[PDB]
Amino acid sequence: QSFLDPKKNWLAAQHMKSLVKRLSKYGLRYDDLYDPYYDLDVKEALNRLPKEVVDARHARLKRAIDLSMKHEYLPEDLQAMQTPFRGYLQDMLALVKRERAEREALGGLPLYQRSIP
Amino acid sequence: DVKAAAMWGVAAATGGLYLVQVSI
Amino acid sequence: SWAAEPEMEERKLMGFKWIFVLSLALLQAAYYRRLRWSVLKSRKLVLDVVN
Amino acid sequence: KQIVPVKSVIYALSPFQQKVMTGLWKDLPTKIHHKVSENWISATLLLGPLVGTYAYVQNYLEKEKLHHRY
Amino acid sequence: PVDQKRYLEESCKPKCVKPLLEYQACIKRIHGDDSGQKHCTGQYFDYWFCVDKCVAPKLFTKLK
Amino acid sequence: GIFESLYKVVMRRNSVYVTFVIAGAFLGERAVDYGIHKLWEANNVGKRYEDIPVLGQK
Amino acid sequence: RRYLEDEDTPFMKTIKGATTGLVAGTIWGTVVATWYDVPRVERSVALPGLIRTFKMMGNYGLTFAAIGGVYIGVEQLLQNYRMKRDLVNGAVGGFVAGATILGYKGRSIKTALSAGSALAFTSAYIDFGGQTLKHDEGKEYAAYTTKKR
Amino acid sequence: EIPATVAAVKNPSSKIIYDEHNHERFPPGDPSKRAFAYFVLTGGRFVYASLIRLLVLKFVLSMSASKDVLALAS
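Chains as they are written, first to last, in this note's numbering: chain A, 6 to 122; chain B, 132 to 155; chain C, 19 to 69; chain D, 15 to 84; chain E, 790 to 853; chain F, 392 to 449; chain G, 112 to 260; chain H, 159 to 232.
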């Protein structure tokens with residue numbers, strides 16, 4: 006997209022800078038914000054993801070929650086070493102969504118449905 | 132225990148006298 | 019003013035007493051919460067992750 | 015709803031082996047600086063329309079009042 | 790028994806010189822009305838609000 | 392020292408602790424009432440009902 | 112006399128004090144920035160010097176405006192609470208401004224007590240008199256008008 | 159390359175470092191100060207008991223008789 010690219014848009018660049026600063030404080034990637042209970046496509050993608058990646062995501066989430074509980078951020082060195090937006094879930098999420106789309110198009114039934122709360 | 136029951140009765144009586152406060 | 023609010027003196031006395039007593043309660047409750055959360059807010063966590 | 019396991023090592027200290035309320039009024043200038051700097055945009059957005067609208071309403075009412083003064 | 794409120798309102802005229810002069814100018818400009826629809830109630834209210842603001846603490850200082 | 396000795400005395404048993412809690416609540420309420428009444432009387436001098444110069448002259 | 116001069120509702124008093132404090136702080140920051148020399152490595156460039164000057168202007172203006180606003184606001188609130196104006200009415204306001212604003216700048220309680228005491232004394236010293244350089248009004252200083260007796 | 163958790167598990171060290179960002183620990187050796195915390199909680203319980211007692215009595219006496227019927231008795 007044109008306006009969403011930080012190179013071509015100054016507003017998008019400032020938004021990306023602010024998002025990087027916010028994520029690096031708690032030391033968790035952008036894809037860590039995705040909730041498995043939200044879409045269940047994230048749930049399927051994380052199920053298909055390797056155990057090492059899933060464990061690293063869970064460790065990052067635990068660290069972020071502990072930092073939020075302690076009312077403190079990561080130290081400066083760890084914030085510098087933090088690398089948000091290094092995707093690990095977007096490709097598999099897109100693959101799951103494509104599979105769901107083709108299943109819906111060719112009749113079929115949903116492989117999983119969100120339970121009525 | 133007899134002593135424990137007696138002390139708990141004393142505590143309950145003190146609470147009742149704090150609540151109702153008959154002749155303070 | 020007395021006829022409209024004949025309970026002003028008793029109300030103000032009770033309010034002063036309870037405001038002071040409940041400020042002391044707020045101090046104690048903050049201490050209690052910080053003591054109960056002391057184990058969680060002063061713990062070291064090793065997680066095997068850097069980024 | 016099931017708990018996910020994370021490999022970790024946790025060291026915790028007894029609540030009675032450490033200070034409780036001393037860490038509250040510590041690094042207060044730094045805490046206040048973080049509160050001010052991280053939230054000045056939010057405070058401006060919350061109190062921006064309010065103060066400007068109040069000033070505009072006061073000016074409009076004053077203008078009408080002097081206009082209808084005969 | 791003279792009125793403390795009246796005495797102090799008479800004594801608060803210097804504090805409200807500007808509203809009093811504005812009210813007097815309003816009266817002078819409005820003098821000569823044809824039928825009605827004209828009044829100086831705004832200047833009157835401003836002047837007496839200033840006087841009332843000037844008079845209350847001294848008023849209950851003198852009153853017992 | 393003082394805190395530890397008092398802790399022993401009033402918390403060796405939970406029933407004794409509850410009795411001490413009730414007694415301390417009563418005594419503290421009485422002391423707070425006394426102090427606030429003194430402050431109220433000191434602030435409001437000459438305005439009490441007993442301070443009216445005429446009470447039986449009607 | 113001073114109270115009788117102008118109305119000056121307390122909110123407008125506080126706004127005027129904050130505005131004039133901001134102006135004075137801007138002027139003082141500009142003066143300080145132009146007085147203090149630039150480093151040797153910064154002599155060739157001018158934009159970093161201008162940026163430093165602007166930052167000093169902003170800092171001094173903000174701190175002076177905060178001091179003035181806090182002082183005037185505390186004085187006005189104390190006047191409203193006590194329903195009267197006295198020497199200590201503005202003396203306390205000076206202490207609060209120094210203790211809160213200047214104390215936060217120094218990041219120390221001792222500076223807050225030291226700066227607050229100095230401002231409180233200065234506010235009380237001027238308020239001790241009629242805020243007039245000369246306190247004598249019976250002296251003529253000039254013979255211009257004839258009088259019968 | 160050894161995992162941090164594995165190294166911590168396999169190397170039990172006497173020198174243990176806590177967070178200490180908002181809770182300054184006592185120096186190693188001083189006794190636990192549990193009496194002071196218990197007495198602070200005891201003062202708070204004084205306060206809470208007073209409030210509960212007065213609320214209960216207020217409700218009960220409100221449900222009790224009123225000044226109008228008390229005065230009509232004569």
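Here a beta-carbon is modelled for each residue, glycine too, at the ideal position from N, C-alpha and C.
For residue j and residue i, believed in contact at Cβ under 8 Å, the rounded distance
i	j	result
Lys67(A)	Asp177(H)	Not quite, the Cβ-Cβ distance comes to about 15 Å (not below 8 Å), so this is no contact.
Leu797(E)	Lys847(E)	5 Å
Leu42(C)	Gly201(H)	7 Å
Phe8(A)	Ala18(A)	The Cβ separation is near 11 Å, so there is no contact.
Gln87(A)	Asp36(A)	No, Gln87(A) and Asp36(A) are not in contact; Cβ-Cβ is about 14 Å, not under 8 Å.
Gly209(G)	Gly227(G)	4 Å
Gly32(A)	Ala69(A)	6 Å
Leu98(A)	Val47(A)	6 Å
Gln84(A)	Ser29(A)	5 Å
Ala57(D)	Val57(C)	That belief does not hold up - the Cβ atoms of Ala57(D) and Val57(C) are roughly 35 Å apart, past 8 Å.
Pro43(D)	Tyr215(G)	6 Å
Residue i, enclosing alpha helix (DSSP H) - first and last residue
i	result
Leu224(G)	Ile220 to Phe239
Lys449(F)	Per DSSP, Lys449(F) belongs to no alpha helix (DSSP H) and is neither H nor E.
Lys48(A)	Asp46 to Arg53
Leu213(G)	Note, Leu213(G): premise wrong, no alpha helix (DSSP H); not H, not E.
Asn53(D)	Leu42 to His81
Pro159(G)	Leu158 to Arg193
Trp15(A)	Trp15 to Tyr31
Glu432(F)	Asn405 to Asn434
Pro846(E)	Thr830 to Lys851
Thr163(H)	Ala162 to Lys168
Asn69(C)	Looking at the DSSP string, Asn69(C) is not in any alpha helix (DSSP H), and its letter there is neither H nor E.
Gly140(G)	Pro121 to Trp146
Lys30(C)	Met26 to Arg54
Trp139(B)	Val133 to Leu150
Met35(D)	Looking at the DSSP string, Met35(D) is not in any alpha helix (DSSP H), and its letter there is neither H nor E.
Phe197(H)	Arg192 to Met221
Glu798(E)	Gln793 to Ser800
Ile816(E)	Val806 to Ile819
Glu395(F)	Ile393 to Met402
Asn180(H)	Careful: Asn180(H) lies outside any alpha helix (DSSP H) and carries neither H nor E.
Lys259(G)	Premise fails: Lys259(G) is in no alpha helix (DSSP H) and is neither H nor E.
Residue i: first and last residue of the uninterrupted beta strand (DSSP E) it sits in
i	result
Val23(D)	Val23 to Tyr25
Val64(C)	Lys62 to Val64
Proximity test, residue i beta-carbon vs the ligand SAM heavy atom, cut-off 7 Å
i	result
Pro803(E)	Absent from the structure shown: the ligand SAM. Ligands present: none.
Anything in the region 63 to 84 of chain A with a Cβ closer than 8 Å to a Cβ of chain H? List those residues in chain order, please. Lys75, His76 and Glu77
Using a beta-carbon distance cut-off of less than 8 Å, what residues from the region 161 to 195 of chain G approach chain E? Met194 and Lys195
With three or more beta-carbon pairs closer than 8 Å as the criterion, would you say the region 128 to 143 of chain G touches the region 163 to 174 of chain G? yes
Anything in the region 392 to 410 of chain F with a Cβ closer than 7 Å to a Cβ of chain B? List those residues in chain order, please. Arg404, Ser406, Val407, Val409 and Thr410
Is the region 58 to 78 of chain D touching the region 225 to 243 of chain G, taking contact as three or more C-beta pairs under 8 Å? no
Residues, ordered as in the chain, of the region 45 to 57 of chain D that lie near chain C by beta-carbon distance below 8 Å: none
With a cut-off of 8 Å, do at least 3 Cβ pairs link the region 168 to 176 of chain H to the region 40 to 52 of chain C? no
Decide yes or no for the touch test of the region 114 to 131 of chain G against the region 148 to 164 of chain G: beta carbon pairs closer than 8 Å, at least 3 of them. no
Inside the region 37 to 98 of chain A only - alpha helix (DSSP H) runs reaching at least 4 residues: 41 to 44, 46 to 53, 56 to 75 and 81 to 86
Contact between the region 32 to 52 of chain D and the region 197 to 207 of chain G: three or more CB pairs below 8 Å? no
Whether or not the region 121 to 136 of chain G and the region 177 to 195 of chain G are in contact is what I'm after, with contact meaning three or more pairs of Cβ atoms, one per stretch, closer than 8 Å; do they touch? yes
Proximal residues, the region 188 to 202 of chain H versus chain F, C-beta separation under 7 Å: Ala193, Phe194, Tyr196, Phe197 and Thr200
Spell out a yes or no on whether the region 159 to 171 of chain H and the region 59 to 66 of chain C are touching, meaning 3 or more CB-CB pairs, one atom from each, closer than 8 Å. yes
Using 8 Å as the cut-off, can you tell me whether the region 194 to 208 of chain H makes contact with the region 393 to 403 of chain F, which would need three or more C-beta pairs spanning the two stretches below that distance? yes
In the region 53 to 68 of chain C, which residues sit with their C-beta less than 8 Å from some C-beta in chain H, listed in chain order? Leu53, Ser56, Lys59, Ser60, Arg61, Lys62, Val64, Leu65 and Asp66
Residues in the region 201 to 218 of chain H with C-beta within 7 Å of chain F's C-beta atoms, listed in sequence order? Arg203, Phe204, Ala207 and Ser208
Residues in the region 833 to 846 of chain E having any Cβ partner in chain G nearer than 8 Å: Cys839 and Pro846
Of the residues that make up the region 414 to 425 of chain F, which ones have a beta carbon closer than 8 Å to any beta carbon in chain J? Absent here is chain J; the protein component of the structure consists of chains A, B, C, D, E, F, G and H.
Touch check for the region 409 to 426 of chain F and the region 132 to 142 of chain B: three-plus C-beta pairs under 8 Å? yes
Across the region 412 to 431 of chain F and the region 201 to 210 of chain H, are there enough close Cβ pairs to call them in contact, namely three or more that are closer than 8 Å? yes
Members of the region 24 to 45 of chain D that neighbour chain C once the beta carbon cut-off is set at 7 Å: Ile24, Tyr25, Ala26, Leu27, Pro29, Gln32, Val34 and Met35
Between the region 162 to 188 of chain H and chain D, which residues of the former have a C-beta closer than 7 Å to a C-beta of the latter? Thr163, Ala166, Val167, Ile174, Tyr176, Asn180, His181, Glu182, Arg183 and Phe184
May I ask you to verify whether the region 419 to 431 of chain F touches the region 817 to 830 of chain E, counting CB pairs closer than 8 Å and requiring at least 3? no
Is the region 52 to 60 of chain C close to the region 17 to 34 of chain D, with three or more CB pairs under 8 Å? yes
If the cut-off is 8 Å on Cβ atoms, which residues from the region 115 to 134 of chain G count as contacting chain E, listed in chain order? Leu115 and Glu118
Cβ contact (3+ pairs, closer than 8 Å) linking the region 831 to 840 of chain E and the region 800 to 807 of chain E: yes
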